[PDB]
Amino acid sequence: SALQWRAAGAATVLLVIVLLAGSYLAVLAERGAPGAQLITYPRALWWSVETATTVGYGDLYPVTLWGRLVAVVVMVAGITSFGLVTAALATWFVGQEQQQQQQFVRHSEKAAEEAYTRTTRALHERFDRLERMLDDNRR
Amino acid sequence: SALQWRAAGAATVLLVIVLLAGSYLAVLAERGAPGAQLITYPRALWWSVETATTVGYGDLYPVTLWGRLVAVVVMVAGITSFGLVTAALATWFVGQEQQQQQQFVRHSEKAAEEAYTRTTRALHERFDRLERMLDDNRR
Amino acid sequence: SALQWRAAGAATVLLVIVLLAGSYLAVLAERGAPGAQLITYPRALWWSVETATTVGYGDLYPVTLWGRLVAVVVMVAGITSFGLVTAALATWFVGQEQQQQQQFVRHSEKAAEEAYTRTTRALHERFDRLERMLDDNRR
Amino acid sequence: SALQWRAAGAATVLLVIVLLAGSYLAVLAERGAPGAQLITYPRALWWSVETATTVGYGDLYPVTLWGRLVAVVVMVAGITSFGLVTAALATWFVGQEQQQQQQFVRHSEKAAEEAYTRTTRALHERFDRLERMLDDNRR
Amino acid sequence: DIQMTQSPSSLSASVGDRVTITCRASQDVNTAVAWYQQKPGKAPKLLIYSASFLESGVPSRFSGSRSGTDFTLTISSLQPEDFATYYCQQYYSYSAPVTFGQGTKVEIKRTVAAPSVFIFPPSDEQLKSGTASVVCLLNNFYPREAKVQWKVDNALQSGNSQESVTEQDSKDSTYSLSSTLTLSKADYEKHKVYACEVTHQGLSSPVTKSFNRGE
Amino acid sequence: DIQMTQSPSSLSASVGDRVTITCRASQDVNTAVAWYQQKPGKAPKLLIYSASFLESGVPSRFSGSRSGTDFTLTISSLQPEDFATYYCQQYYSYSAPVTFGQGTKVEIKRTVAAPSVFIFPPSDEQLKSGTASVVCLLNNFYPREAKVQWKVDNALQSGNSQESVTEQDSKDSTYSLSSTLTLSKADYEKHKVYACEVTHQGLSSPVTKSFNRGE
Amino acid sequence: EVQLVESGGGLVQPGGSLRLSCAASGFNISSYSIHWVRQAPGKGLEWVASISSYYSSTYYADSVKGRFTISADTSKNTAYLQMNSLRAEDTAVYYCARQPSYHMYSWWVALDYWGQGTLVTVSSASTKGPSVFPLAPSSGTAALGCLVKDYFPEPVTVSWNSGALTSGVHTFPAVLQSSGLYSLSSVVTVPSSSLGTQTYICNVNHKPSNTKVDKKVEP
Amino acid sequence: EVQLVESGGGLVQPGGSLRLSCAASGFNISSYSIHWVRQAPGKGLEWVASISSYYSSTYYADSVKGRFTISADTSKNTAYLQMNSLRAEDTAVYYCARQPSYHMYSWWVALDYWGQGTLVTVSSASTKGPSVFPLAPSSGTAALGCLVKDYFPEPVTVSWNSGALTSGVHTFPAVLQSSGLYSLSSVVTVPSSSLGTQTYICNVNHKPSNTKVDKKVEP
């Protein structure tokens, strides 16, 4: 029910669909290419790992045509996860920085509220004065 | 479309100009170098893909002189694309946070200003008052 | 006490626990796998260096099962340390921007408040004035 | 021209000291290791390029001990220059955010200055009214 | 927060008299006191506003005075239609700023009268429900002092009769009392001679009306 | 921005007299008018402050009056040391509180006196520089009305003589006028008979002192 | 032609809510001040709250604080006294009047014009409809009338016949019974020749409970 | 023991700058108001600017606007009238006085105590020692004197022999010439037997020109 966990834990599960489509589609189109060890799915799993984070080792990789287009989709999702996990922690700590800002606004506000209206208190306070000075010195 | 797409979908098409210049100029300058398999353009296309994102596999690469200076230009564009996407997810998330800033300050200010205002009227009432405990009483 | 060096120089030391749990648990589970040069620890130290920053050379890497799950944990910390370093250059670059905010608002506010003030004194001087026209003229 | 180019163009020049201490120290400690082509400096220059950006191809790299600690220093500067080109741009666009902030304050101020002190204009106004109701009606 | 003490609660007097009501304040009002004459039923009417001058449509026989703190409404030549309740209000205070006093009710004092009695037997359809109600009526009399006692077969009844008097009349100035003797049909038939005893300020012989059930 | 009109510029009178100075305002001051007596040389002295009461150290012979707009300082039994200039100021306005009037200068009127004419030829060393200066002197006279005209070879000179009179004396009460006829040596030698014409309130025959250059 | 119009009073169990509306009609409440002055039932005059819509001000009596809320809308032309935690003592005749504000010399008249008021009845007691019984006369001077007897809450009207018998009519003040309902009789003296010649009916309208009742009256 | 002290007046070519200081000494200027009132040279009394340091207020005369700036520091105890574009008419005797502020009844005394004033001389004319010339007499009643005649700025003293010839001495008022310097003669009537018996000298000290001088009246 968290549009935070339904935003973060929903795009990280959609991230797993770029990890299950990368050792699944470019590992099948890699079972008979000149230099194919990305031929099985269980061994070609160390493939989309070095792709996303763009580690790029070299034990597993394609040389095919439609095994490359289903590869540039994997390294794109790696960067997509970086910005996400980057804005999920700049959310917590800045959520504590907007809290220190609440203490800031509540302290600068409660001091512009009670000490200020305190002025109208006396505004009437000097008005009640000549209201007296007049008909306390006349009638 | 929206300049966000003439900013993102316009720098992602300028990205392909760094993908079509990397398997095109360092693949030509790689057709006769001591260890050249980056000879053909269509096969050496998996070259500027492991450069930009800096995956770096190893099945395609140069050993030439002017095939290296036309390669450091590809990995520079890879990061340029990453800060760009990190700048456009802080352009629309902080455009929402912008909807926040505008809705907040305008409410606090218009409210505070009128709080001042009420303190003015406070006076009008008071002046007219005394203005009637005045000449009215005397004449 | 800096809480910026107990946050940055504290997760960069927890980063080393992912550089010491990467050339230590995926190098031990790599001493007898079909194609294992990630065997020795002192030699497989260049492994978790190309994993974190995701450089990814290829002269050191696993092919086992529990040598891969103890590898993906290494490239996660590399990114966890980059966002942290970012958080400590925006801690002292914005602490300067914080010197800005405090000097600006404390200047404009204390200045404006006293501008209100003067207006008030405008009143006092006036009330007192009227008082003198008052009581001190009738008696 | 402030501490932006002495911050950005000052840590990108300190970046070159990690590119010149990376094809210089890990290329000398690579002139006699079992599998050393990172021997020659002019050829082992494509080494610190795939390290920083963490591209990691594999045609150039060490297997030594003191040729690895003088290598992890190179990929560290690679990210440091990324957080730097991150601070240079945020400097530009927030230098325009502090410019729109200049327009914002001058419109918020000039509207709090002239239409405000305008109240004092009337404050005296109603005071001169009774100063006159009293001795215009009494003496 | 100013207070007010009018004076007095009510009074008696004939027409053509001179009536003066005095209401003292708990603090310095200067002259923001006002007078209102309310005729039972309708809303108050404005008489004097600066405690000094009168509304733009008031009888010239209404005068306002002031002793700094004490104000006094005065009616020279009291007419026959000035029979109302009077409220003294102030409007100087800054709890701001109505305050009225305990009002003065000016009723008129005429010659002693005698309660003109009539009795009413319980309606028939009122005995078609569960209870029967006998009811005496004094009609237009004056001193509102009247003691109407009941008697069921010449035996005095207690605590079952409720009384309510009209308000002094605008012309007659006469009070009319009403006595209501209620009893459950059962106990109403359990007897046969319902009488209504009426004593009064102007009654030589206590007028005693009464009826004979069913006949 | 209030204005002030004192009255009059100056006046004449003997000691023991009754002097009254009016002032009139351009607007409503209530009683923020003040009176000051200044004795040539020193600063002003405070006399009356509410236009009504006097400072805490003033001769009882100084009285203040008011006609709403017109104020009038009055000195009954004018003494022999009340010879000064008098300033009427106001402090009601909200410019600031200061505004003074054209002041009144109270000089004393005594018996006519004699005042002698004397002339002085240009000093020799004053002709050793570039200009020569002839100078008439009236010595102790009274009324300050005096018209000293010059004549170079019985021809009237114009606009080259500057006059300056002493202040009335503390004992003699006599005004002393001084005329100064300056002319460049060249034009001073261009003529030979320098005379000083003196007319006056008490001069039968206009005393005419004079001399010939180099005799 | 000025006048005021209170509206909204009604019946409400204790600690309930009510909104009275003082519809104005001769001036702009824009520059005037509206008072709410409630008389208790049969007790003296009491002020509740007031509002000067010209200054942005309001004022409530110390008798009511967190419960009432006089407010006003100038677009339409009415004041509203808002009652919230109605206590059993809040039952009364609610009037509303004006006083000029502090402007020229008009503020010195006091409440210049009041309206007729609405009745507010705060009580847990529920609505009831009693029945009118004929008070038959007997024997030039006859006395006959009606009786509106078990009814709640106040009040009821008693007219004769569409404005037919106006004089000799003494409708008494309602008097509460130990039951919890009000009772009242209206009597009228008429000549003895009209008992068989002229017809006598009493019109009764208890509007709080919705009962309309005419009642012929014979000897 | 109260008193005031003006200081700073001097000589300044037109459109120059000057700062006068009204050093106070008996009260705290904190709760008082300081006036600056300049009398012209030989003309009447004029008010310039004033300052109530208690309220945060100032007031200048309509005679001077963008040019003068009365201000005050309460830490030390002085008021300062600031002159900026001094015109040739700004030459005068500048005094400063007090008046209580608007507080109790004291404000009704107005300029209670003044100081002695400093002289402000605005003129392009430069400073000059006076040259005195002998005014030789001729023929019981003789008239002789001196003539301090091209000198600036004001003023000069003329005594006979250190307070010796005291009576019969009429030192006239300085009178400015079209040149830009002041001139004045001092004459003294003496008996005719003292011309050869008694010696007559005039002592002259211009002080602005740090020069003084005496001259014997040899016939």
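About the criteria used
- Residues numbered from 1 in each chain as written, not as in the entry; some residues may be left out.
- Chains lettered and ligands numbered in written order.
- Heavy atoms only, no water.
- Axes fitted to C-alpha atoms, helices over the stretch in contact; angles between N-to-C directions.
- Helix = DSSP H or I, 4+ residues; strand = E, 2+ residues; numbered from the N terminus.
- Parallel < 35°, antiparallel > 145°, perpendicular 65-115°, else oblique.
- Contact = heavy atoms within 4.5 Å.
- Nonpolar A, V, L, I, M, F, W, Y, C, P; charged D, E, K, R; others polar.
- Buried area = accessible area lost by both parts, 1.4 Å probe.
- Salt bridge = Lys/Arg side-chain N within 4 Å of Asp/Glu carboxyl O.
- UniProt positions renumbered as here; feature names shortened; annotations may be inferred.
- Domains from an automatic or database assignment.
- Polar contact = N/O pair within 3.5 Å; in protein donor to acceptor, adjacent residues only side chain to side chain.
- Pairing = 2+ DSSP bridges.
- Buried < 20%, exposed > 50% of the residue type's maximum accessible area, 1.4 Å probe, protein only.

## A short note on the packing of helix α3 (residues 97-134) of chain C against helix α4 (residues 117-134) of chain D
1) Next: Contact geometry for α3 of chain C and α4 of chain D: axes closest at 11 Å, N-to-C directions at 0°. Our classification of the angle between α3 of chain C and α4 of chain D gives roughly parallel. Here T119, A122, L123, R126, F127, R129, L130, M133 and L134 of chain C of α3 of chain C come into contact with α4 of chain D, specifically with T120, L123, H124, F127, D128, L130, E131 and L134 of chain D.
2) Next: Among the residues making up the contact of α3 of chain C with α4 of chain D, the classes are represented as 10 nonpolar, 3 polar and 4 charged.

## What to know about the interface of chain B and chain G
1) Next: Taken together, the contact pairs 9 residues of chain B with 11 residues of chain G.
2) Next: Here chain B packs against chain G, burying approximately 1000 Å² in sum over the two surfaces, 59% of which is carbon and sulfur.
3) Next: When the buried area of chain B at its contact with chain G is split by residue, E125, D128 and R132 of chain B rank highest and sum to 55% of it.
4) Next: Between the two partners, chain B and chain G, sit 0 salt bridges.

## Considerations on the UniProt feature "intramembrane region" in chain A
Residues and elements named next belong to chain A.
1) Next: The UniProt record annotates "intramembrane region" at residues 41-51 and 52-59.
2) Next: The span residues 41-51 is 27% helical and 0% strand by assignment, and the distance between its end C-alpha atoms comes to 15 Å.
3) Next: Secondary structure across residues 52-59 comprises 12% helix and 0% strand; the distance between its end C-alpha atoms is 15 Å.

## Quick word on the domain arrangement of chain E
Residue and element names in this part refer to chain E.
1) Next: Taken domain by domain, chain E comprises domain 1 (1-110) and domain 2 (111-215).
2) Next: If you look at the interface, domain 1 gives 8 residues, while domain 2 gives 12 residues.
3) Next: Where domain 1 abuts domain 2, roughly 740 Å² becomes buried across the two surfaces, and 37% of that area is made up of carbon and sulfur atoms.
4) Next: The largest per-residue losses of area from domain 1 upon contact with domain 2 belong to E107, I108 and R110, which jointly make up 70% of the total buried on that side.
5) Next: Considering each element in turn, the side of domain 1 that touches domain 2 owes the most residues, 3 residues, to strand β9 (residues 104-108).
6) Next: Classifying every residue of the side of domain 1 that touches domain 2 by side-chain character gives 3 nonpolar, 1 polar and 4 charged.

## Some thoughts on the interface of chain E and chain G
1) Next: Facing the 41 residues of chain E at the interface are 41 residues of chain G.
2) Next: In this assembly, chain E packs against chain G so that about 3400 Å² is buried in total across both faces, 64% of it on carbon and sulfur atoms.
3) Next: The tally of links from chain E across to chain G stands at 0 salt bridges.
4) Next: Taken together, the links from chain E to chain G amount to 5 residue pairs in polar contact.
5) Next: Taken together, the elements giving at least two residues each to the side of chain E that touches chain G come down to β4 (33-38), β8 (85-90), β10 (117-120), β11 (131-138), β13 (161-163) and β14 (178-184) of chain E.
6) Next: In terms of residue class, the side of chain E that touches chain G is built from 19 nonpolar, 17 polar and 5 charged.

## Describing the sheet that holds strand β15 (residues 193-200) of chain E
Residue and element names in this part refer to chain E.
1) Next: Read from one edge of the open sheet, 3 strands run β12-β15-β16, paired in antiparallel fashion. Strands with a single pairing partner mark the edges of an open sheet, and in this sheet they are β12 (146-152) and β16 (208-212). Each strand of the sheet is rotated relative to its neighbour by a mean of 15°, with strand direction disregarded.
2) Next: As paired elements, β15 and β16 share 5 bridges and run antiparallel to each other. The partner of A195 across the bridge, within β16, is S210.

## Examining the pattern of salt bridges
1) Next: Counted under the stated rule, the structure contains 42 salt bridges over all chains.
2) Next: Here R38 of chain H ties to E46 of chain H by a salt bridge, and the two come within 2.5 Å at their closest N and O atoms.
3) Next: Classification of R38 of chain H as buried rests on a relative accessible area of 9%.
4) Next: One salt-bridge network, held together by shared partners, links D128, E131, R132 and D136 of chain B together with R126 and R129 of chain D.

## Focus: the sheet that holds strand β1 (residues 4-7) of chain F
All names here are of chain F.
1) Next: Strand order in this open sheet of 4 strands is β1-β3-β7-β6, and the pairing throughout is antiparallel. The strands lining the two open edges of the sheet, one partner per strand, are β1 and β6 (62-67). On average, each strand axis in the sheet is inclined to that of its neighbour by 15°, with strand direction left out of account.
2) Next: Where β6 lies against strand β7 (residues 70-75), 6 bridges are found, and the strand directions are antiparallel. The residue of β7 that forms the bridge with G64 is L73.

## Quick notes on the environment of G10 of chain G
Residue and element names in this part refer to chain G.
1) Next: With respect to the secondary-structure elements, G10 resides in the loop between β1 (4-7) and β2 (11-12).
2) Next: Exposure remark for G10: the relative accessible area of 24% places this residue in the partly exposed category.
3) Next: What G10 contacts, discounting residues up to four positions off in sequence, is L18, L119, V120 and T121.

## What about the domain arrangement of chain A?
A common way to state how big an interface is: give the accessible area lost once the parts meet.
All names here are of chain A.
1) Next: Once the domains are mapped, chain A shows domain 1 (1-94) and domain 2 (95-139).
2) Next: Taking only C-alpha atoms, the centre of domain 1 and the centre of domain 2 are 62 Å apart.
3) Next: The interface is formed by 4 residues belonging to domain 1 together with 4 residues belonging to domain 2.
4) Next: A combined buried area of about 280 Å² lies between domain 1 and domain 2, and 43% of that area is made up of carbon and sulfur atoms.
5) Next: For domain 1, the biggest contributors to the area lost against domain 2 are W92, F93 and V94; these three give 94% of the whole.
6) Next: Counting every contact that joins domain 1 to domain 2 gives 0 salt bridges.
7) Next: The interface formed by domain 1 and domain 2 holds 6 residue pairs in polar contact in total.
8) Next: A class-by-class count of the residues in the side of domain 1 that touches domain 2 yields 3 nonpolar, 1 polar and no charged.

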